[PDB]
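Below is one structure, written out as structure tokens, with a few remarks after it.
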Amino acid sequence: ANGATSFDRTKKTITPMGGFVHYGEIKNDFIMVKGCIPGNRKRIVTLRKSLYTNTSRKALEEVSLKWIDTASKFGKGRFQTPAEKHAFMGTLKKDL
Amino acid sequence: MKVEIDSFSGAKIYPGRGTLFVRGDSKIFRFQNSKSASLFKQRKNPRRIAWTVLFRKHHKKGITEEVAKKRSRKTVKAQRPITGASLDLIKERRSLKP
Amino acid sequence: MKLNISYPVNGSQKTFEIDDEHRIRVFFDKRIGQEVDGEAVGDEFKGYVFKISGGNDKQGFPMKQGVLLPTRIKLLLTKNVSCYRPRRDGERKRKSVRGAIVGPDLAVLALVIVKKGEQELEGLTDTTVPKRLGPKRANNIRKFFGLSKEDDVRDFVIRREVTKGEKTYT
Amino acid sequence: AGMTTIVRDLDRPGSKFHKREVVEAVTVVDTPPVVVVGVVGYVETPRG
Amino acid sequence: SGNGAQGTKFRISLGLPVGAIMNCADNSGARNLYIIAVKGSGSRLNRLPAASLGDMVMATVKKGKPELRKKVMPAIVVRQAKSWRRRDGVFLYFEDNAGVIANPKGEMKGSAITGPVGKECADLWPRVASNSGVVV
RNA sequence: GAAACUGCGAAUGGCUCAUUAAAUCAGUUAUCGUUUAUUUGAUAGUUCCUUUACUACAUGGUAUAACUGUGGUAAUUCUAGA
RNA sequence: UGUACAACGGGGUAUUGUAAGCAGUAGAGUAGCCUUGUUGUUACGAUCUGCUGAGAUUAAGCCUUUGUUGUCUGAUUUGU
RNA sequence: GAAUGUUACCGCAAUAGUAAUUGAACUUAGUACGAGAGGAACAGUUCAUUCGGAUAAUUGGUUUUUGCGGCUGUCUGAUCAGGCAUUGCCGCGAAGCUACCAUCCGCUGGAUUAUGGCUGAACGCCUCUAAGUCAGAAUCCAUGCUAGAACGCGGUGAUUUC
RNA sequence: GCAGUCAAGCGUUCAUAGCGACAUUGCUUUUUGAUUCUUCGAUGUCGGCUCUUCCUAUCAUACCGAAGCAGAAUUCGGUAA
RNA sequence: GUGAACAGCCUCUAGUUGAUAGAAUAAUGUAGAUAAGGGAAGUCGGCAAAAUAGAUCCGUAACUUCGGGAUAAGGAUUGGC
Ligand SMILES: [Mg+2]
Ligand SMILES: [Mg+2]
Ligand SMILES: [Mg+2]
Ligand SMILES: [Mg+2]
Ligand SMILES: [Mg+2]
Ligand SMILES: [Mg+2]
Ligand SMILES: [Mg+2]
Ligand SMILES: [Mg+2]
Ligand SMILES: [Mg+2]
Ligand SMILES: [Mg+2]
Ligand SMILES: [Mg+2]
Ligand SMILES: [Mg+2]
Ligand SMILES: [Mg+2]
Ligand SMILES: [Mg+2]
Ligand SMILES: [Mg+2]
Ligand SMILES: [Mg+2]
Ligand SMILES: [Mg+2]
Ligand SMILES: [Mg+2]
Ligand SMILES: [Mg+2]
Ligand SMILES: [Mg+2]
Ligand SMILES: [Mg+2]
Ligand SMILES: [Mg+2]
Ligand SMILES: [Mg+2]
Ligand SMILES: [Mg+2]
Ligand SMILES: [Mg+2]
Ligand SMILES: [Mg+2]
Ligand SMILES: [Mg+2]
Ligand SMILES: [Mg+2]
Ligand SMILES: [Mg+2]
Ligand SMILES: [Mg+2]
Ligand SMILES: [Mg+2]
Ligand SMILES: [Mg+2]
Ligand SMILES: [Mg+2]
Ligand SMILES: [Mg+2]
Ligand SMILES: [Mg+2]
Ligand SMILES: [Mg+2]
Ligand SMILES: [Mg+2]
Ligand SMILES: [Mg+2]
Ligand SMILES: [Mg+2]
Ligand SMILES: [Mg+2]
Ligand SMILES: [Mg+2]
Ligand SMILES: [Mg+2]
Ligand SMILES: [Mg+2]
Ligand SMILES: [Mg+2]
Ligand SMILES: [Mg+2]
Ligand SMILES: [Mg+2]
Ligand SMILES: [Mg+2]
Ligand SMILES: [Mg+2]
Ligand SMILES: [Mg+2]
Ligand SMILES: [Mg+2]
Ligand SMILES: [Mg+2]
Ligand SMILES: [Mg+2]
Ligand SMILES: [Mg+2]
Ligand SMILES: [Mg+2]
Ligand SMILES: [Mg+2]
Ligand SMILES: [Mg+2]
Ligand SMILES: [Mg+2]
Ligand SMILES: [Mg+2]
Ligand SMILES: [Mg+2]
């Protein structure tokens with residue numbers, strides 16, 4: 001339930017359906033930073049402590065996630081979990 | 001946080017996803033992606049698009065066990081004869097003879 | 001949101017206010033008619049089963065059964081139809097209506113007990129309120145007491161006492 | 001590793017989106033524990 | 001967005017540069033509005049000032065009541081047809097570009113508005129909020 | 001005798017003269033070319049079932065208002081659940 | 001010579017929008033045989049339907065693998 | 001990229017470059033001031049313009065994914081399945097690239113100028129100035145940021161036998 | 001073209017807040033002239049577009065001094081590119 | 001064959017398969033294309049590009065040397081079986 005929250009509760013990791021495109025299947029501790037970061041996927045990254053305290057009222061805000069997207073990024077993803085998929089789809093020529 | 005549905009296909013539009021379109025008459029149309037939207041702009045009819053919900057419901061596809069029996073009954077069998085009617089004199093007469 | 005529960009066995013009805021959206025969330029995406037296990041709503045209702053019967057959202061618009069869509073529409077309502085009492089012979093008005101699919105915008109969910117749980121509810125099972133009126137037609141009396149039409153209905157009609165100062169009447 | 005989208009309430013009194021949900025992009029960086037394999041100590045010189 | 005604008009406006013994708021023409025959605029006599037400028041816009045060599053839903057523009061009337069023509073007047077943008085993204089994460093767009101003619105204070109020349117209206121514009125100008133029916 | 005159901009009336013009346021020039025309208029015809037609440041006058045022995053172990057006729061069915069109670073909405077000759 | 005690498009196959013993800021084959025009291029209809037009909041028969045007919053959200057494609061800079069097969073010492077140069 | 005033994009890793013910072021910009025609203029406040037008419041600003045808050053560096057969750061553009069489907073003409077006897085038409089045409093179209101058409105991010109210390117002052121003589125008085133001195137700007141020097149002298153440097157690992 | 005010095009006047013009063021005649025001293029080299037030194041065995045000879053840098057006699061923006069600065073607005077001046 | 005056709009596009013007969021080659025797919029090009037919202041604001045100027053288009057039917061202005069203007073303009077329809 002990496003990707004679950006106080007409001008979501010669906011037991012699921014942050015790894016999207018069928019994996020982070022071009023990277024893999026995150027299975028260790030991770031950092032989720034708002035917005036974007038210099039560099040591309042699979043690159044070594046340094047996260048460094050701030051060099052100054054920010055009052056700023058924009059920092060110091062104590063965010064709390066409601067729902068973290070985990071739909072597929074390899075297309076126009078429509079389902080968060082595979083359970084949700086079978087729930088909305090029905091049964092197919094393979095399953096049973 | 002509401003998950004919306006596509007007004008052409010039936011797809012769940014999670015937040016941010018898809019596009020929203022305010023028609024001239026103020027009727028609102030949401031699409032999960034630019035596929036349904038282009039079909040919609042094309043004046044296509046979801047009941048003739050084989051993968052839409054409105055099509056599958058119409059052609060009665062995959063709804064097999066949703067039309068089976070159930071068990072949702074109850075049981076009460078109580079008595080409270082009539083208000084102000086001296087219900088303490090309405091049980092000494094409700095002792096059916098036949 | 002407020003919960004307008006009713007125990008049709010006793011004619012009882014109490015209201016409840018449930019915060020803590022996780023408990024409310026059970027009813028979401030449920031239609032009018034489907035049954036709900038109370039253990040998820042709370043602990044006081046454990047084993048209690050609830051029937052979803054209707055309710056009004058904010059702005060007070062009622063639900064209409066089988067009109068799906070957890071949203072509002074504007075139907076053309078007629079005689080013998082929910083959420084409309086006509087004013088003239090053959091009158092129809094177009095009125096707003098809230099769908100029959102439960103959503104967070106509902107101010108009140110109207111509920112109906114179907115199965116009792118394992119704990120008497122405060123003013124719902126603990127108290128019973130008698131029916132108001134009694135059988136007035138002849139044969140309905142014969143079938144409220146099972147009379148086998150020789151038993152002279154005239155003595156089996158119900159009498160309601162009433163006091164006039166110092167004259168108790170019937 | 002990549003990015004995704006987040007939905008959360010916004011606590012920013014005065015902003016027209018105060019106490020309202022906003023959707024936001026985030027990156028995710030895979031950070032398995034680092035391991036310490038040595039220490040080096042630096043001194044100050046008139047050359048740095 | 002200039003004088004008498006009540007509140008601020010979060011940035012919204014510009015969709016109508018100078019010279020665009022939008023339907024006039026009030027009852028003043030004008031049919032269209034030819035944009036010649038945008039209030040509050042900035043400067044960059046060769047950029048065209050564009051207006052977004054809620055901006056006040058300077059416009060002339062190309063089709064309409066002759067009394068409304070051959071003169072420059074304010075006007076407020078009430079519908080974009082170019083998608084933009086709100087902070088609740090939705091990309092939305094109307095079916096036309098539309099606006100109403102106003103005086104610099106923000107009051108409206110006409111008595112009502114024949115269209116939907118963007119809330120980013122209703123929130124910004126009360127007089128538009130009154131005359132609007134369906135908003136967003 | 002409140003409320004409410006049921007029945008009937010609300011298609012009369014009153015106002016205006018906008019449209020309308022073979023239309024309206026007027027006089028004169030036609031219905032062997034039709035619908036007609038109502039008022040008035042007439043009008044109905046037949047209803048069942050392969051027609052003795054028989055069908056409620058001494059009279060068959062529920063399902064609702066008002067009401068009781070629990071409610072929603074800033075808001076109406078709004079109404080929901082029980 | 002191993003959480004080794006590769007080539008396939010498998011599973012996920014994703015794109016399209018329902019494959020070929022077969023069948024049908026679906027089909028505007030059309031012809032041929034006679035035992036000239038109390039669905040008379042043999043077929044043909046754009047299209048439609050069922051098997052079928054099927055079939056095809058999916059890393060070439062997607063993800064994942066308890067399967068299969070294979071590969072794993074050639075060359076050159078450097079010293080205070 | 002030769003050569004300062006070889007090779008590898010981790011670093012230092014000379015010098016050079018450098019970046020942020022402007023507005024509006026709320027509030028202050030119908031306040032100070034004014035007979036009136038009129039009518040501010042510091043602090044705080046929310047946004048915005050111009051510029052910059054990234055970035056591709058999302059939306060959008062792009063289509064030889066010639067990926068799926070559809071269409072015309074023809075050619076393979078028909079079917080199936082395909083060829084040709086300078087990529088035949090059309091709808092959808094992932095990946096990648098990409099957009100104020102998309103999202104994110106853009107640091108804080110010091111020393112000074114103008115100027116206003118302190119103490120204070122010259123000139124028993126007086127003077128911000130002569131000595132000494134305080135406060136001080138989109139300035140300047142740093143902090144931060146980019147490069148790293150291929151003839152500036154440090155720490156560290158291994159260092160060949162036919 | 002830009003800037004001074006003297007101060008008769010202007011500025012209700014009051015030379016110099018802001019200005020300023022008669023005179024007079026200068027600076028500048030995006031004006032135009034004057035000249036003809038360089039190139040006539042050729043230095044591509046309008047404007048625009050694009051892009052960079054520089055100047056300050058500063059239009060805006062930072063901080064100031066002054067007013068015929070009550071406020072608001074404005075105006076003169078300083079450090080300022 | 002398609003079609004009005006010696007058009008374009010595909011085929012039969014016949015003739016070719018001749019034009020240095022290999023690996024990549026940076027910038028900038030040359031030649032072919034597409035682009036949200038706006039719609040000439042670009043520019044000396046709509047340069048370039050785009051839009052249009054066949055056929056059947058409906059409909060068609062000023063003006064005129066009565067011959068024209070005129071495919072004026074503006075519309076509808078178009079497969080298969
Ligand atoms: Mg797309
Ligand atoms: Mg409300
Ligand atoms: Mg400007
Ligand atoms: Mg220009
Ligand atoms: Mg009004
Ligand atoms: Mg009348
Ligand atoms: Mg009934
Ligand atoms: Mg199918
Ligand atoms: Mg296998
Ligand atoms: Mg040597
Ligand atoms: Mg105020
Ligand atoms: Mg005064
Ligand atoms: Mg700038
Ligand atoms: Mg960029
Ligand atoms: Mg894309
Ligand atoms: Mg094809
Ligand atoms: Mg064909
Ligand atoms: Mg076949
Ligand atoms: Mg060929
Ligand atoms: Mg050719
Ligand atoms: Mg930028
Ligand atoms: Mg710092
Ligand atoms: Mg310093
Ligand atoms: Mg000083
Ligand atoms: Mg000094
Ligand atoms: Mg001195
Ligand atoms: Mg600075
Ligand atoms: Mg910095
Ligand atoms: Mg070096
Ligand atoms: Mg070294
Ligand atoms: Mg003089
Ligand atoms: Mg004076
Ligand atoms: Mg004087
Ligand atoms: Mg000059
Ligand atoms: Mg010469
Ligand atoms: Mg020469
Ligand atoms: Mg030259
Ligand atoms: Mg020449
Ligand atoms: Mg200067
Ligand atoms: Mg004075
Ligand atoms: Mg000064
Ligand atoms: Mg500069
Ligand atoms: Mg400089
Ligand atoms: Mg020959
Ligand atoms: Mg050649
Ligand atoms: Mg060649
Ligand atoms: Mg070549
Ligand atoms: Mg190119
Ligand atoms: Mg295209
Ligand atoms: Mg375009
Ligand atoms: Mg146009
Ligand atoms: Mg034009
Ligand atoms: Mg022009
Ligand atoms: Mg010209
Ligand atoms: Mg043109
Ligand atoms: Mg041309
Ligand atoms: Mg085009
Ligand atoms: Mg013409
Ligand atoms: Mg046809």
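What follows draws every value from the coordinates through simple rules; no lab data is involved. Every residue, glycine among them, receives a Cβ derived from its backbone with ideal geometry; neighbour counts consider all protein chains shown.
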Notebook entry, point to check: Only one residue in C:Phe144, C:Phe61, C:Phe156 is within 12 Å of RNA strand F (Cβ to nearest atom), within 10 Å of chain B (Cβ to nearest Cβ) and surrounded by 14 or more Cβ atoms within 10 Å (Cβ to Cβ), so which one is that?
Noted result: C:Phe144
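Among the residues of segment E:104-136 satisfying the criterion of being in a helix (DSSP H, G or I) and within 15 Å of ligand 5 (Cβ to nearest atom), which is surrounded by the fewest Cβ atoms within 10 Å (Cβ to Cβ)?
E:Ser130
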Check: From the residues in segment E:42-51 that are in contact (Cβ under 8 Å) with a residue 12 or more places away in the chain and assigned to a loop (DSSP other than H, G, I, E, B), which one is farthest from RNA strand G (Cβ to nearest atom)?
Finding: E:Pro49
Checklist line | Filtered residue count, segment D:3-20, keeping only those that are buried (at least 18 other Cβ atoms within 10 Å of the Cβ), among the charged types (D, E, K, R) and at the interface with chain E (Cβ under 9 Å from one of its Cβ atoms) | finding: 0
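Name the residues in segment C:140-160 that are closer than 14 Å to B:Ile82 by Cα, among the aliphatic types (A, V, I, L, M) and not in a helix (DSSP H, G or I), would you?
C:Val157, C:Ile158
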Next item on the list: Would you mention how many residues in segment A:80-96 are within 6 Å of RNA strand G (Cβ to nearest atom), facing chain B (nearest Cβ under 10 Å) and surrounded by 11 or more Cβ atoms within 10 Å (Cβ to Cβ)?
Entry: 2
Note to self: Can you tell me which condition A:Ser56 does not meet? The list is (1) within 14 Å of RNA strand H (Cβ to nearest atom); (2) of a type in the set (S, T, N, Q); (3) at negative phi, and all the others hold.
What the structure shows: (3)
Check: Out of C:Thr163, C:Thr128, C:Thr170, which single residue is surrounded by 13 or more Cβ atoms within 10 Å (Cβ to Cβ), closer than 16 Å to B:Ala85 by Cα and of a type in the set (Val, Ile, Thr)?
Finding: C:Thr128
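I want to confirm something. Restricting to segment A:62-79 and keeping residues that are near RNA strand H (Cβ under 9 Å from one of its atoms) and of a type in the set (D, E, K, R), which single residue is surrounded by the most Cβ atoms within 10 Å (Cβ to Cβ)?
A:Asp69
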